[PDB]
There are 4 protein chains.
Amino acid sequence: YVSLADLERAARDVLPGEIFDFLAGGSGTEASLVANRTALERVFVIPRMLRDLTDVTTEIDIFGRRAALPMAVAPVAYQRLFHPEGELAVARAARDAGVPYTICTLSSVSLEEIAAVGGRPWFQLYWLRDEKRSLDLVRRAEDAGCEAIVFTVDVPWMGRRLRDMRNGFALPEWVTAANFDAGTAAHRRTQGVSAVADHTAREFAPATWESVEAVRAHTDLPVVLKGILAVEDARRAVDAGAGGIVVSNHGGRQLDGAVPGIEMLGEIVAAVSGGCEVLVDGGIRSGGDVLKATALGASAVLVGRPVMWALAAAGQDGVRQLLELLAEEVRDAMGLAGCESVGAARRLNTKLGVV
Amino acid sequence: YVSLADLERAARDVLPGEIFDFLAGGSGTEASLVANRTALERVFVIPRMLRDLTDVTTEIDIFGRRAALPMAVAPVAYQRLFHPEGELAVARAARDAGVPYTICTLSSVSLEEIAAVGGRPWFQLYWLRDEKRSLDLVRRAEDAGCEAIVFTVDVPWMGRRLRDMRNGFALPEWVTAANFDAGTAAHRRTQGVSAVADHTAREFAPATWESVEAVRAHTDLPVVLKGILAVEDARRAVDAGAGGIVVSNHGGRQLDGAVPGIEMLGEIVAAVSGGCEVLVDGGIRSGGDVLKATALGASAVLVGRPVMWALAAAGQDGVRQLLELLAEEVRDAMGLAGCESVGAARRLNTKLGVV
Amino acid sequence: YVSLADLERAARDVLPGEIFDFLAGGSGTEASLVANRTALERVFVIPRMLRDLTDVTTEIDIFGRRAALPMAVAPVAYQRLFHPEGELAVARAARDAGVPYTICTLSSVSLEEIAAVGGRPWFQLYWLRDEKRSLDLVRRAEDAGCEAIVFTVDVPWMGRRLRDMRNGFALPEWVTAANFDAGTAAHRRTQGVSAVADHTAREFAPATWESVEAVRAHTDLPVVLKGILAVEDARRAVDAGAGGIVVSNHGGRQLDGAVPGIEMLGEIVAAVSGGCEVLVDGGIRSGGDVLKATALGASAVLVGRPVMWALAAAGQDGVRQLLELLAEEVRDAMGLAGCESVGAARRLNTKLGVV
Amino acid sequence: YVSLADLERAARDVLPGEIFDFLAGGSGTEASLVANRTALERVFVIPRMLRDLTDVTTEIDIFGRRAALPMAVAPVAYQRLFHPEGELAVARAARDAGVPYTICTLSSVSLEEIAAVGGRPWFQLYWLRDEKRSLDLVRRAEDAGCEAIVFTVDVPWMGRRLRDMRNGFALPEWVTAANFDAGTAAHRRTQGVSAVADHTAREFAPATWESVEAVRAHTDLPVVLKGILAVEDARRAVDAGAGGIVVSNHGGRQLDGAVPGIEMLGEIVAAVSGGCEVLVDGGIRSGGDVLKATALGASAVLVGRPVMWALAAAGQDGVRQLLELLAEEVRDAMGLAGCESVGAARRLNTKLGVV
Ligand SMILES: Cc1cc2nc3c(=O)[nH]c(=O)nc-3n(C[C@H](O)[C@H](O)[C@H](O)COP(=O)(O)O)c2cc1C
Ligand SMILES: Cc1cc2nc3c(=O)[nH]c(=O)nc-3n(C[C@H](O)[C@H](O)[C@H](O)COP(=O)(O)O)c2cc1C
Ligand SMILES: Cc1cc2nc3c(=O)[nH]c(=O)nc-3n(C[C@H](O)[C@H](O)[C@H](O)COP(=O)(O)O)c2cc1C
Ligand SMILES: Cc1cc2nc3c(=O)[nH]c(=O)nc-3n(C[C@H](O)[C@H](O)[C@H](O)COP(=O)(O)O)c2cc1C
Ligand SMILES: O=C(O)[C@@H](O)c1ccc(O)cc1
Ligand SMILES: O=C(O)[C@@H](O)c1ccc(O)cc1
Ligand SMILES: O=C(O)[C@@H](O)c1ccc(O)cc1
Ligand SMILES: O=C(O)[C@@H](O)c1ccc(O)cc1
């Protein structure tokens, strides 16, 4: 594999159609899904030359831990959909690569099992109708050694996934939400209906700023709000005591027509003015994309779909190869741009171009 | 049906070619028709997160009536072209959905029959060569319980519809202008000539600001000027006593090269500064599009062609299904954007993107 | 014919390939040729509503003569290439339509014959190596009743027409420059070489501001400089005593990469501030395009290729039909935009859109 | 050949696939490669009219030598890949055309042999791990009569060339780095690996500002820094004593996502404010492109790939024909734009357009 695109081709070959669609798809007309790519493609970097590159390092310190790259594996629910080893395969590869792994509320292997892999993991939280279940998950995550709580704030309910609706997508019997008893809702098959979407409407309570405060009071871990796009919500996140935010439109899966995170990132970085870490996701497909995100001010990126392509294609080894490729591309891009550190990359300037 | 696009496919299958073309087409090169879509596709919403969504409502108050959505059915002439029940089918579905229905001057069922369906309808006015006929129509509409007069101001005559000209389109014998004796002009078949266009040139007198004043003096109902695009015309509409305007290029059917309404909407909303309701139409094809229009400042939208797709596909039940789908999409988009009310949606910010 | 595009299709059918290419083509990569269309397509008009349209007139006064439309037939060399009646057919149709016709220095029928058709024609001047021949042409034109001298200033030599080079294009024996003895240069056939281009390099002297003054001193007729794109050249044209300019890139046939005239027009109109007439050409293909040009400030447009399509398709009657179609489209567009006169159309505002 | 595009077609026919790919390709997704073309295509020139063109000259003075055009042949490694005569063929044609030729550190014929051709050549420097080898090359170049040192500053290592990786590209046995003993690294064949890229990582030391000073102190020749894109790096180049810079993204072969040089050129020209020569390269494919670069402020351009197309197609004679074509196109474009000298072309204004 010489690019991430090689992995998508590999994953389309092996996965069942409806599972590839669950992975690839977005909400509505997929405008936001496509815009995440368009937005990155329009950014050009203004590289610097003739700087010392005798010790180029791609490492960052984030949430009290050194990471090998300015990158983490995004939370992706139900990883057993893509490979039998699911989250364990991805977590092992991430650990070995020195990349944080985000354990999901809707993981198909229990959070404690995934945490036992090691690698100082993060935990993604969905707010549930019974608050106590969500706060218990936070405490479980913390007890298990997770190092940050990534509270997803852009899913009061699931978006309208037309591929899933048309496919009548439902979880296979052998994939479950291992952190719960989540009931049978996501497994029932109904025509023209996404079973996971009606499961979400039944199970999820919309989170509010009060929910954020309840989480912040319940843990010593940094709380990271994922799904922020409005500048004032970024500012309020800092005021609320968040240790970070992820500037994100949920991979185009939530509001169709939501601005790409990459388009809000610079304005958000300026507004928070170092008050929290500012991550971004959506459409990161190369080390050069990582560099672009960094140059726009991101502390780090998340990568979602490509990690699942690698998992589907070749399990743990596939994820390892993806992370090695990304690591090489990030090092390459940084050095070619005159950056011996991620901090230097954040000081790069950019210019918008066309198509 | 999981999107409005499903209905267009359904309608193309069933309708005769020349009738589908009468419905789908625009004037000239169809530049304005296409631009209505392009304009919406370039707008991205900046959603808000973590707000209370315990009682999301899509309702608005407009022209003294609560509507279930920030949407009305646009005036579309000659609905019996699309289904035998024509306007009655659409009006019944709109009534049941709590959506205002606009009865047309050129309705193929009489305005009194359509009004008798109930649902507190609006009445669209074309100015006719004999003024008295137009003012009599206004009084008929008011007597029949219509709640607003939507005076269409962008048709001094009909645009050059090249599809209709090439098809030699004429009304079938069984479709007539039921509010009149409209003569035989729209039924005569002449090669290279749109019969409806030469009927319009013969029948319609260009409206002026004096015509608006004559209407305003003849009724207690709110007068809504449909087809406003210039900021100064919006301002003058308020000065003239209009209760609303519809910012519109008539679905790309009138001046080819007219700016899309969606491109003028924000500037118009700022200029009228709450002095009248500001509606928009042209290319609204989803709840997300409704949200975009609302975020740009619209009080409500009109929807034209999709309602006719639904009517053609499945009559009253088709229109019902379309309105239920739109209602769900509007609720979904609003909540995902952090808006518990349409007023909150109007306070959303937007950002232009590419393609 | 219901659009100008109908005529291009008709002309491609009938004309020999190399002649269609001589007509259609531009210089270099044809970037400027395509940009002339792109530039118009990006302009949208903001129409006005509710104005008095009881006496819509498309007439203008220009160079001391009333014209039926804000339009003239552009100078196009060698019209016998397209139809045996050549310039006489086009001039007769233009006369009958009340549209000025521009007689070319390189007309294939003598300027006196074309002038005898009537219709108060204009005369286009190329500066020749022997100055006296060019000044004699000016005096011939004036003696014959031409009413303006359109001095083409963007052809110090002919552009690189790659279609003509690849075709080895040369004039047929039966088409000559009837105002001269122009020699045999444009008729000799050489592979990979445009015979008309090497004829031009041999025959034409580059014009300068001194040439303009020589012409201005030699005639009482208004001198109109065709091919102006720089704002300072427009200003200097006024200072030099020009009665008009044509803002033009010569239909993309001269400098490949020259800005479209339509893109410079507004700035030029502002800079000359009523000091001369400001015409534009390049890519005008409808009455709506005329309206756009007018709204950007043009006094009038020239139309080139479409007139030749009409000539090729159906001779004099073809040109008549084209001019009738354009007249109807201009009237239609003006009225739909709320303009009872061309002056009102010049006061319309515009907005740039995308694709 | 009537355009440069004719030569690319000719070269694709004759060259082996992997060699054409080594020539044509860029790094990563080839975003920067494509953007070099897009960037030029968006620029339009505002030509001037009516200026004296009695002695149009395309000549410039640069680095103490008159050049026939504002153009030099870019450094392109390993020219024997394209034709058996390699660099000698290109250098002879450049000499005969009066165009500077840039001899490469990685030339496949020794720099002294190429210099012996005559034509006052330039020498391109790569910084090598043993500094002394690079400084010895500079002294060899100077002793051999090279007139400028073009220090390439954008290759701390070679970019990720995915075409070369996929092809497993390696130099054929009969092509070597003739200025060295360069070892066997670039010839070894490894699957999924570019042999030239791992040779570069092994052989090249990243250059720094200290390296620039070492070169500047070692020669009396002008030092020209090739690969500058940041405005502050251009300013620093002047402060460092550079006689010129080449604003360049290395033909899209280095950082994928690097801004095109043409997009930075105007800002760089303003910032250096005559303190050094400012050249540009990337995607120059016609005399009109040269004119655009000049109008944006360039002193001269480099041309890379097209020279190799010509070499591959027809050897020395091919390169001669390419340079004659470019010379004619530059003269044509300049005159059509009203420029009797390159200095006048630099005073032209430009306007951005679309696609
Ligand atoms: C199949 C799938 C499942 C996901 N599950 C979750 C989730 O449970 N929680 C969450 O916060 N985000 C979830 N996401 C969103 C990702 O964390 C991330 O925002 C998005 O995938 C990033 O875009 P990318 O896929 O373009 O890299 C999911 C994304 C995908 C594709
Ligand atoms: C077939 C058809 C007939 C129409 N008839 C009328 C009419 O009689 N009066 C009017 O004001 N607008 C009329 N319109 C314009 C619509 O009210 C509306 O402005 C346009 O359809 C909105 O764009 P949309 O179709 O993209 O939703 C008509 C539109 C169509 C497609
Ligand atoms: C075949 C052809 C011949 C032309 N001959 C002349 C000419 O002799 N003199 C001149 O000033 N312009 C000439 N032009 C340019 C036109 O006057 C005009 O600028 C251009 O055609 C306008 O663009 P349009 O063809 O897109 O309408 C010619 C154009 C064409 C296509
Ligand atoms: C096959 C190839 C080899 C090259 N070798 C070198 C090199 O050895 N040194 C260097 O500074 N640039 C090198 N370049 C970059 C060129 O000098 C130049 O920047 C680029 O080709 C200009 O873009 P163009 O090819 O679009 O004209 C090379 C380019 C190509 C295509
Ligand atoms: O985007 C998703 O699919 C993910 O965020 C999700 C999956 C299942 C679910 O119930 C809710 C959200
Ligand atoms: O756009 C239309 O077709 C509609 O507005 C209309 C229909 C018939 C007519 O005579 C005049 C206008
Ligand atoms: O654009 C043209 O072809 C026209 O302007 C022209 C024709 C013949 C010629 O010799 C010089 C110019
Ligand atoms: O772009 C290139 O290929 C050229 O700059 C280069 C060639 C070989 C090499 O080892 C290093 C650079």
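Condition first: of a type in the set (A, V, I, L, M) and under 22 Å from the mean Cα position of the chain (by Cα). Now tell me which residues in the range C:187-215 satisfy that. Full working, then the answer.
Let us first name the residues in the range C:187-215 that are of a type in the set (A, V, I, L, M), namely C:193, C:195-197, C:201, C:205, C:207, C:212, C:214-215.
The answer is C:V196, C:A197, C:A201, C:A205, C:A207, C:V212, C:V215.
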Quiz item: What single numbered condition from (1) away from chain A (no Cβ under 14 Å); (2) surrounded by fewer than 22 Cβ atoms within 10 Å (Cβ to Cβ); (3) over 28 Å from B:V155 (Cα atoms); (4) not small (G, A, S) fails to hold for B:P84?
Solution: (3)
Exercise. Only residues that are surrounded by fewer than 22 Cβ atoms within 10 Å (Cβ to Cβ) and facing chain A (nearest Cβ under 9 Å): list them for the range D:206-229, please.
Key: D:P206, D:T208, D:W209, D:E210, D:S211
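Every residue, every condition in (1) away from ligand 8 (no atom under 16 Å from the Cβ); (2) small (G, A, S); (3) within 17 Å of the chain's Cα centre (by Cα); (4) more than 30 Å from D:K351 (Cβ to Cβ), yes or no:
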residue: D:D52; (1), (2), (3), (4): yes, no, no, no
residue: D:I62; (1), (2), (3), (4): yes, no, yes, no
residue: D:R65; (1), (2), (3), (4): yes, no, no, yes
residue: D:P70; (1), (2), (3), (4): yes, no, yes, no
residue: D:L106; (1), (2), (3), (4): no, no, yes, yes
residue: D:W122; (1), (2), (3), (4): no, no, yes, yes
Quiz item: Which of the residues spanning the range B:1-21 are part of a helix (DSSP H, G or I) and touching an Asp or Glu at 6+ places or on another chain (Cβ under 9 Å)?
Solution: B:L4, B:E18, B:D21
Exercise. State all residues of the range A:164-185 that are within 22 Å of the chain's Cα centre (by Cα) and closer than 27 Å to B:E340 by Cα; if no residue qualifies, say none.
Key: A:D164
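Does D:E203 count as surrounded by fewer than 18 Cβ atoms within 10 Å (Cβ to Cβ), more than 16 Å from ligand 7 (Cβ to nearest atom) and acidic (D, E)? Talk me through it step by step, then tell me what you get.
Working: surrounded by fewer than 18 Cβ atoms within 10 Å (Cβ to Cβ): no; more than 16 Å from ligand 7 (Cβ to nearest atom): yes; acidic (D, E): yes.
No: the conditions fail for D:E203.
Residue by residue through the range A:78-92, note down the ones that are small (G, A, S) and more than 17 Å from A:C146 (Cα to Cα).
Across the range A:78-92, the qualifying residues are A:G86, A:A89.
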Exercise. Would you mention how many residues in the range D:159-181 are closer than 15 Å to D:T105 by Cβ, free of Cβ contacts under 8 Å to residues at least 60 places away in the same chain and within 15 Å of ligand 4 (Cβ to nearest atom)?
Key: 1
Self-check item: Looking only at the range B:231-254, and only at residues there that are more than 15 Å from ligand 6 (Cβ to nearest atom) and buried (at least 22 other Cβ atoms within 10 Å of the Cβ), the one that is farthest from the other protein chains (Cβ to nearest Cβ)
Solution: B:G244
Practice problem: List the number of the failed condition for A:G159; all other conditions in (1) out of contact with any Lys or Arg (no Cβ under 6 Å at 6 or more places or on another chain); (2) under 23 Å from A:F20 (Cα atoms); (3) within 11 Å of another protein chain (Cβ to nearest Cβ) hold. | Solution: (1)
Quiz item: Do we have B:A327 as closer than 22 Å to B:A91 by Cβ and either away from ligand 3 (no atom under 16 Å from the Cβ) or not hydrophobic (A, V, I, L, M, F, W, C) (or both) here?
Solution: yes
Self-check item: Hey, B:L279 within 16 Å of ligand 1 (Cβ to nearest atom) and either out of contact with any strand residue (DSSP E or B) (no Cβ under 7 Å at 6 or more places or on another chain) or away from every other protein chain (no Cβ under 14 Å) (or both) or not
Solution: no
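Residue-wise test of (1) among the hydrophobic types (A, V, I, L, M, F, W, C); (2) under 20 Å from A:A170 (Cβ atoms).
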position: A:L4; (1), (2): yes, no
position: A:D21; (1), (2): no, yes
position: A:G26; (1), (2): no, yes
position: A:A31; (1), (2): yes, no
position: A:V34; (1), (2): yes, no
position: A:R66; (1), (2): no, no
position: A:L106; (1), (2): yes, yes
Quiz prompt | Selection from the range B:106-131 of residues that are surrounded by 24 or more Cβ atoms within 10 Å (Cβ to Cβ) and of a type in the set (S, T, N, Q) | solution = B:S107, B:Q124
Quiz item: Which ranges mark the strands (runs of 3 or more DSSP E) fully within the range B:40-153 that have 1 or more residues being polar (S, T, N, Q) and closer than 28 Å to B:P260 by Cα?
Solution: B:122-125, B:149-152
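Tell me, please, whether a residue that is away from ligand 2 (no atom under 16 Å from the Cβ), over 27 Å from B:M334 (Cβ atoms) and away from chain B (no Cβ under 14 Å) can be found in the range A:258-270. Spell out how you get there, then give the answer.
Taking the range A:258-270 as the starting set, the residues that turn out to be away from ligand 2 (no atom under 16 Å from the Cβ) are A:258-270.
Imposing the further condition that a residue be over 27 Å from B:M334 (Cβ atoms) reduces the set to A:266, A:269-270.
So of that shortlist, the ones also away from chain B (no Cβ under 14 Å) come out as A:269-270.
Yes, the range A:258-270 contains at least one residue that is away from ligand 2 (no atom under 16 Å from the Cβ), over 27 Å from B:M334 (Cβ atoms) and away from chain B (no Cβ under 14 Å).
Please specify each residue of the range A:135-147 satisfying the condition of being more than 13 Å from ligand 1 (Cβ to nearest atom) and either of a type in the set (A, V, I, L, M, F, W, C) or within 14 Å of another protein chain (Cβ to nearest Cβ) (or both). Before you say what the answer is, go through the steps one by one.
We begin by selecting, within the range A:135-147, every residue more than 13 Å from ligand 1 (Cβ to nearest atom); these are A:135-136, A:138-147.
Passing the criteria: A:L135, A:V138, A:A141, A:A144, A:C146.
Got a sec? Which of D:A333, D:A300 is crowded, with 24+ Cβ neighbours inside 10 Å and within 14 Å of chain C (Cβ to nearest Cβ)? So that I can check it myself, show each step before the final result.
On the way: D:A300 fails: within 14 Å of chain C (Cβ to nearest Cβ).
Matching residue, one of D:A333, D:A300: D:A333.
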Practice problem: Hey, could you check the range B:26-39 for residues that are among the β-branched types (V, I, T) and in a helix (DSSP H, G or I) and say which is nearest to the other protein chains (Cβ to nearest Cβ)? | Solution: B:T38
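Of the residues that make up the range B:277-291, is at least one crowded, with 24+ Cβ neighbours inside 10 Å and either free of Cβ contacts under 8 Å to residues at least 40 places away in the same chain or among the hydroxyl-bearing types (S, T, Y) (or both)? Walk me through it before giving the result.
The first filter runs over the range B:277-291 and keeps only residues crowded, with 24+ Cβ neighbours inside 10 Å, leaving B:278-284, B:286-291.
Adding the requirement that they be either free of Cβ contacts under 8 Å to residues at least 40 places away in the same chain or among the hydroxyl-bearing types (S, T, Y) (or both) leaves B:280, B:286.
Yes, the range B:277-291 contains at least one residue that is crowded, with 24+ Cβ neighbours inside 10 Å and either free of Cβ contacts under 8 Å to residues at least 40 places away in the same chain or among the hydroxyl-bearing types (S, T, Y) (or both).
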Quiz item: Which one of these does A:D52 not meet: (1) crowded, with 18+ Cβ neighbours inside 10 Å; (2) within 14 Å of chain D (Cβ to nearest Cβ)?
Solution: (1)
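Hey, does the range A:182-192 have a residue that's within 12 Å of chain B (Cβ to nearest Cβ) and of a type outside the set (D, E)?
Of the residues in the range A:182-192, the ones within 12 Å of chain B (Cβ to nearest Cβ) are A:191-192.
If we keep only those that are of a type outside the set (D, E) as well, we get A:191-192.
The answer is yes, given that some residue of the range A:182-192 is within 12 Å of chain B (Cβ to nearest Cβ) and of a type outside the set (D, E).
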Self-check item: Where a residue in the range C:8-25 is within 14 Å of chain D (Cβ to nearest Cβ) and its partner, wherever it lies, is away from ligand 5 (no atom under 16 Å from the Cβ), with Cβ under 6 Å and at least six apart
Solution: C:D21/C:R163; C:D21/C:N167; C:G25/C:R161; C:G25/C:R163
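Don't worry about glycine lacking a Cβ; one is built from the backbone with ideal geometry, like all the others, and counts go over all protein chains shown. Read-outs: derived from the displayed coordinates by stated rules, not from any lab.
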